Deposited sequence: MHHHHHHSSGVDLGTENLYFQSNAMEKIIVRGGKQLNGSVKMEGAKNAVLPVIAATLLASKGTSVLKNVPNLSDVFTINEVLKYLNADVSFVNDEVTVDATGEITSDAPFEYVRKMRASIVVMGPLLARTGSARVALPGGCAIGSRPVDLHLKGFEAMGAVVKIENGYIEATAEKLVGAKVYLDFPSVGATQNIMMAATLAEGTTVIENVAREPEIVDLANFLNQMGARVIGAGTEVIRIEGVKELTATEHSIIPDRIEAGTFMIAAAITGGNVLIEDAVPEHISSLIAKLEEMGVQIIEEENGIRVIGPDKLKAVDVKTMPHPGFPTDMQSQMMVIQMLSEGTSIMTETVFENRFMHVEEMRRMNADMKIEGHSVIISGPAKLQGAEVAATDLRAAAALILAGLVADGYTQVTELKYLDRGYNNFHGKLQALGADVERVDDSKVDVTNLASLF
């Protein structure tokens, strides 16, 4: 009955034939950015069995589940439901190489530090952006009385007496906010975390800690206060819908002059995006969000900001609609200033863009052309596929491993909206006759 994870074949391709208008309905699954921390949080429950629902079928979920089992928790994953029994004696080490491959593994430190007093995790490695330093995580645990360190590819934290403390975050880190908040739940005393991430995933996690008996207030604001308690008890919780996936289909509908109904979407979680699309001429209706694309798109400048500002996860995709707008526009990053590796791939599709500082000058309207493009990361993978919907000809997108890390049956959903999209093995494709497919 347990869910099985199936590997995909290397070098598979998503071939898109542009020119089709999207029309229909699309349902969203749970957010990956919300589920990992929620699963990790189950380690805090010394009583009862946790029941998580609306859990997406993604690789990181299976991986995190394996980590928890190794931490001595009984985990089960059937359909979209995960069950966690963490009433036993929980261990504190997650050292395998597979732990490094999953950059989000660090999320178990807070819960372990609070539940067991120690945590050891293998670091993922890396230097540039796409991710940021983990210093804030340690700064927070240190303030709470822990002895910390990064040694031999390992990040560790040990606390004889985890206590409450005032912590100021240099920047609103989602990861740091999550770890510090989770660690605070069982610390002796009160913790005040300033300049925290305000993303919806943080609020959902705060709600979950509260349902388990924690005392966390302020989630969603710039300040979170946690009054530590002796113990937390298991409960049931549903993972919030993926607001980013919602944004991806909104843009797809907007650029194809479509009419799509995005089901199970919370407009409040993507106000910035909505407001920005409306400035371009797109109609957004809260029927449950319906998106109707216009004939022409008005050029508009966009600047990523910590939530509730414009989300960095919609950046690469937003650039697609910017390229099709009537005039020059600019996209700027203030969250991840180096997240523009997809620009060179969009050029192959005839895009006209220039990287300058931490901004990209986009010269629209561009007459996109089909080409062989390689995804550079999760959101970029989807961005290229969106470009394919509007490009003249056939677009072949490779490196699907990135797409699969956050989008389930992405091609199938597009097909259901009337798009000419197919996902095939490399051996099936004969470039001289892509028309054969479809």
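The chain's deposited sequence has unresolved stretches at 1-14, 302-303, with no C-alpha coordinates there.
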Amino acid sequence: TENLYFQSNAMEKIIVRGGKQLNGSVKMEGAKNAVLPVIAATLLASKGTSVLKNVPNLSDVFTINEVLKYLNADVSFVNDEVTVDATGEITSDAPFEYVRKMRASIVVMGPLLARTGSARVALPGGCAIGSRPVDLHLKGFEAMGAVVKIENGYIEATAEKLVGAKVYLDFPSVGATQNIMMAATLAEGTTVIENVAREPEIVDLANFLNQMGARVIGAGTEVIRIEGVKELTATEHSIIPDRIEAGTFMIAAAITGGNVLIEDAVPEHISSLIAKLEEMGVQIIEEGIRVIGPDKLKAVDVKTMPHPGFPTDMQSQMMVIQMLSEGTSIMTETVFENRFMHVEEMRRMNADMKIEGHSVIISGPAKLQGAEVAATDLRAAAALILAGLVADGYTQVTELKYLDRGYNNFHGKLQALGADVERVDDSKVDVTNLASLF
From here on, numbers count along this sequence of modelled residues.
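Annotation for 126-134 versus 262-270: the higher mean temperature factor (C-alpha) is found in 126-134.
Taking only CA atoms, the mean B-factor in the PDB entry is higher for 362-370 than for the other of 335-343 and 362-370.
Highest C-alpha temperature factor among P311, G220, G257, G110, as the PDB entry reports it: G257. In the PDB entry, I284 places in the highest third of its chain by CA B-factor.
Annotation for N33: CA B-factor lies in the highest third of the chain's modelled residues. In the PDB entry, a CA B factor belonging to the lowest third of its chain's modelled residues is recorded for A380. Residue-level temperature factors show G175 in the lowest third of its chain, judged at the C-alpha atom.
Placement of the Cα temperature factor of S325 within the chain: highest third of the modelled residues, per the deposited record.
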